[PDB]
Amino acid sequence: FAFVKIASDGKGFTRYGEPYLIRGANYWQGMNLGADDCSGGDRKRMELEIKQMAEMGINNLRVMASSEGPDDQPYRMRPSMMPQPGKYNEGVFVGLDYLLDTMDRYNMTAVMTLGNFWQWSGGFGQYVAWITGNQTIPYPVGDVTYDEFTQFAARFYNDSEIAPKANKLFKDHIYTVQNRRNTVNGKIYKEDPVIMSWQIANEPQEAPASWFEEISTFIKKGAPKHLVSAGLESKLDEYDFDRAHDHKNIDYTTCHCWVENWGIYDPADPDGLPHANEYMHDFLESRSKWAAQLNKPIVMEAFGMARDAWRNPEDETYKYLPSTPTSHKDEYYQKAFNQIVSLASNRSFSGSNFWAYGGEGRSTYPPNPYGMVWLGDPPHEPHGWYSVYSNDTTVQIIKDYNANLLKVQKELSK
């Protein structure tokens, strides 16, 4: 009965008739960790990580509710949820069940990401490979560039021959997830108040408005009780933002911020932090204006920063070691957080999900028998790049932010 909703003034969420602020984290590996041992999970570790996240004041996990095989491909989650179109690894699906049940035990809500533009869960590029029947995806390594790969995966919604077939497969997947019976608590996912929203995909890259319209309407019809979200970075201009978010069945807006990936921040520069702080600040103000123009909420649902590489810039390994401090990352988080708490108390921002909780995982630990080093960084990126570990100094900063935002949520209730 406890479904997350949009406030009637459209400026925030509500739960139980009261304002609801997103004290969130990214936990995309939750499904795989929740699996039984036999499918490469570590359920006790997953229960421990959700418990840790509860102690840090987290009320919301953005999770991954898709991943595509075949299981021989590099740079992606293994074992996948859907190794072939319409065929599922039941062991991985049960992990999604346990993830939702454990989140249930902790009164947390989930953002369910139903696909992925990028290679790390197979994603749109894998659907394209399925349709064209050519499994040699142009992964962005060696001589192949990110926009060669982008142009390939975008065929998913841009190619008038591939798109109808790719989307038929994608919709079969959306349906399968929304109609899943949780094998642990008996709930069908579309009627599970633990799920806050269905999210079309991780980071659609210049997708057409008609595609956002068609997919949001499919997801809403499939689960009329649930909010729907686009998964957009909002890294371009206000029109790009509107193309994704200006749709009756897109309920709130998101943004992602990646300073290093985008060339704004150089983690190996002891002097490099101010560029990143300034960028983030202008980023939050402007995206906040974009949301308010649609009279829709906004969550910064993924943002990250590297460890202090600058303390030893000549050594590439040092940047990924857990023992490396995170003084830049902690400042950057804290300034982002303080600005979000400030905007939220003005009814102009709804919270955030740091990218990403690594928990007990560690970038120094050996891969499991499936070749996975589970933590917050997906397998197309260096292990340990962005992960927040259970005992990093960044935890106190997240914990403080969740308390601050919860204070704000109480002040908007009275």
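Numbers follow the displayed sequence, beginning with 1.
Student: Looking only at CA atoms, which has the higher mean B factor in the entry: 342-350 or 56-64?
Tutor: Here the higher of the two C-alpha B-factor means belongs to 342-350.
Student: Which is higher in the entry, the mean Cα B factor of 115-123 or that of 293-301?
Tutor: The stretch with the larger mean CA B-factor is 293-301.
Student: Per the entry's Cα B factor values, which of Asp71, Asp240, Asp143, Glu260 stands out as the maximum?
Tutor: Result of the comparison over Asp71, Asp240, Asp143, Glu260: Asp143.
Student: Among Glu203, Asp104, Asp308, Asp330, which carries the highest Cα B-factor?
Tutor: Highest C-alpha B-factor among the listed options: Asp104.
Student: Give the position of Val395 by CA B-factor within its chain, expressed as the lowest, middle or highest third.
Tutor: For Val395, the deposited C-alpha B-factor lands in the middle third.
Student: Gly359's Cα B-factor: lowest, middle or highest third of the chain?
Tutor: For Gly359, the deposited C-alpha B-factor lands in the middle third.
Student: Going by what the PDB entry lists, where does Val388 fall on CA B-factor within its chain: lowest, middle or highest third?
Tutor: According to the entry, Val388 has a C-alpha B-factor in the chain's lowest third.
Student: If you rank the chain by CA B-factor, which third does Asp42 end up in: lowest, middle or highest?
Tutor: According to the entry, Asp42 has a C-alpha B-factor in the chain's middle third.
Student: Consider only the C-alpha atoms of the modelled residues in this chain, order them by B-factor as the entry records it, and name the third containing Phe283: lowest, middle or highest.
Tutor: Within its chain, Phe283 is a highest-third residue by C-alpha B-factor, going by the deposited values.
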